[PDB]
Amino acid sequence: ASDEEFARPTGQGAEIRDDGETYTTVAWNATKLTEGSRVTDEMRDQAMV
Amino acid sequence: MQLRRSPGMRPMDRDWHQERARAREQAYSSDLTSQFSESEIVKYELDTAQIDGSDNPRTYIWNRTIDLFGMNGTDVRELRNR
Ligand SMILES: [Mg+2]
C-alpha cells in the first residue's frame, strides 16, 4: 500500500477531492540454489568416515 | 464593581454568547454596518466575532425561481461528496 497522507483543509460547502490508497508489488523470483558431490565406491569403502 | 455591560464581564454573559452565535447565522458578509444595529455592534463586540456569512445556512441553500424537481431547500454542505 501507498503511504499515509493528511486530510485537506476545505472551504464550507466545497466538495471533497479524492486521494485513494494506491497499490504496487515487489515480485519474488526464487532462484534455484544447488550443491553437489560425487564419491567413487572404492573411496566410499576404504574411508574410515 | 462590574455591571453586565462592563468590558471585563462580557464573556460571563449568556446573552453575549447566544447573540454572537445569532449574529454569525444572520450575516451574508463581514460588513457589520450593512446588517446590524450600532447598539448590537457595541453591546456584543461584533468586530471580534468571525462574522463573514460562512455560518449562515442561506449561503448554502438552493432557491431557484422555478423548481420542477424539488431541488430548492437542499443545503449543499449536506450532500454525499461534502
Ligand atoms: Mg495522495
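Residues numbered from 1 in each chain as written, not as in the entry; some residues may be left out. Chains lettered and ligands numbered in written order. Part of a larger assembly, values for the part shown. Heavy atoms only, no water.

Per the PDB record, this model was obtained through cryo-EM at a reported resolution of 2.680 Å.

Asker: Go over the nonpolar core, please, and point to the residues and values.
Answerer: Ranked by size, the top nonpolar core spans ten residues in total: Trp-16, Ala-23, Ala-27, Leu-32, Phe-36, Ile-41, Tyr-44, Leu-46, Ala-49 and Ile-51 of chain B. Apart from the residues within four sequence positions on either side, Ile-51 of chain B is in contact with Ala-23, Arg-24, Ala-27, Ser-29, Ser-30, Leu-32, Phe-36 and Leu-46 of chain B. (Core = buried A, V, L, I, M, F, W, Y, C linked by side-chain atoms within 4.5 Å. Buried < 20%, exposed > 50% of the residue type's maximum accessible area, 1.4 Å probe, protein only. Contact = heavy atoms within 4.5 Å.)

Asker: Just give me the short version of the coordination of the magnesium ion, but keep the residues and values in it.
Answerer: All names here are of chain A. Taken together, the protein donors to the magnesium ion comprise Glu-5 (OE), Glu-5 (OE), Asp-19 (OD) and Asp-19 (OD), at separations of 2.0 to 2.1 Å. Separated by 14 residues along the polypeptide, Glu-5 in the segment before helix 1 (41-46) and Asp-19 in the segment before helix 1 bring together distant segments of the chain. Of the residues examined, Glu-5 reaches a relative accessible area of 54% and is grouped as exposed. (Donors = N, O, S within 2.8 Å, 3.2 Å for Na, K, Ca; no water. Helix = DSSP H or I, 4+ residues; strand = E, 2+ residues; numbered from the N terminus.)

Asker: Lay out the side chain of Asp-75 of chain B in plain terms, naming residues and giving numbers.
Answerer: For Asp-75 of chain B, the position within the fold is in the segment after helix 2 (38-43). Residues within four places of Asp-75 of chain B in sequence aside, it is in contact with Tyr-60 and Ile-61 of chain B.

Asker: For the interface of chain A and chain B, give the residues involved together with the corresponding values.
Answerer: The partner chain B presents six residues to the five residues of chain A that form the contact. Interface area for chain A against chain B, summed over the two sides, is near 470 Å², with a carbon-plus-sulfur share of 57%. Connecting chain A to chain B are one salt bridge. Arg-82 of chain B is the partner of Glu-15 of chain A in a salt bridge, and the nearest nitrogen-oxygen pair spans 3.8 Å. Taken together, the links from chain A to chain B amount to two residue pairs in polar contact. Class assignment of the residues belonging to the side of chain A that touches chain B gives a composition of two nonpolar, two polar and one charged. (Buried area = accessible area lost by both parts, 1.4 Å probe. Salt bridge = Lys/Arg side-chain N within 4 Å of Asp/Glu carboxyl O. Polar contact = N/O pair within 3.5 Å; in protein donor to acceptor, adjacent residues only side chain to side chain. Nonpolar A, V, L, I, M, F, W, Y, C, P; charged D, E, K, R; others polar.)

Asker: Provide a residue-level description of the packing of aromatic side chains, including the pertinent values.
Answerer: Tallied over the entire structure, the rule returns zero aromatic pairs over all chains. It is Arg-20 of chain B that lies over the ring of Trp-16 of chain B; its NZ or CZ is 4.0 Å from the centre. (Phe/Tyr/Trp six-rings, centres within 6.5 Å; stacked < 30°, edge-to-face > 60°. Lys NZ or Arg CZ within 6 Å of the ring centre and 35° of its normal.)

Asker: Provide a residue-level description of helix 1 (residues 14-26) of chain B, including the pertinent values.
Answerer: Because an α-helix completes one turn every 3.6 residues, residues spaced three or four positions apart along the sequence face the same direction. All names here are of chain B. When the terminal C-alpha atoms of helix 1 are compared, their 18 Å separation across 13 residues agrees well with the 18 Å that a helix rising 1.5 Å per residue should span. What helix 1 keeps buried is the set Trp-16, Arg-20 and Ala-23. For helix 1, the arc enclosing every buried residue in end-on projection is 55°, short of the 170-degree limit, so these residues lie on one face. Opposite the buried face of helix 1, by more than 90 degrees, sit the exposed residues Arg-14 and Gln-18. Contacts from the buried residues of helix 1 go to helix 2. Its side-chain oxygen placed 3.0 Å from the backbone nitrogen of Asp-15, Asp-13 serves as the N-cap of helix 1. (Expected span 1.5 Å × (residues − 1). Arc of directions from axis to C-beta.)

Asker: I'd like to hear about the pattern of salt bridges, residue by residue, with values.
Answerer: Residue and element names in this part refer to chain B. Applying the stated criterion to the full structure yields eight salt bridges over all chains. For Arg-4, the salt bridge goes to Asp-13, with nearest N and O atoms at 2.8 Å. Accessibility expressed as a relative area gives 9% for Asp-13, which makes it buried. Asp-75 is paired through a salt bridge with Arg-77; the nearest N and O atoms lie 2.9 Å apart. Assessed through its relative accessible area of 35%, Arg-77 is described here as partly exposed. Overlapping salt bridges bring together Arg-4, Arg-10, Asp-13 and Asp-15 as one network.

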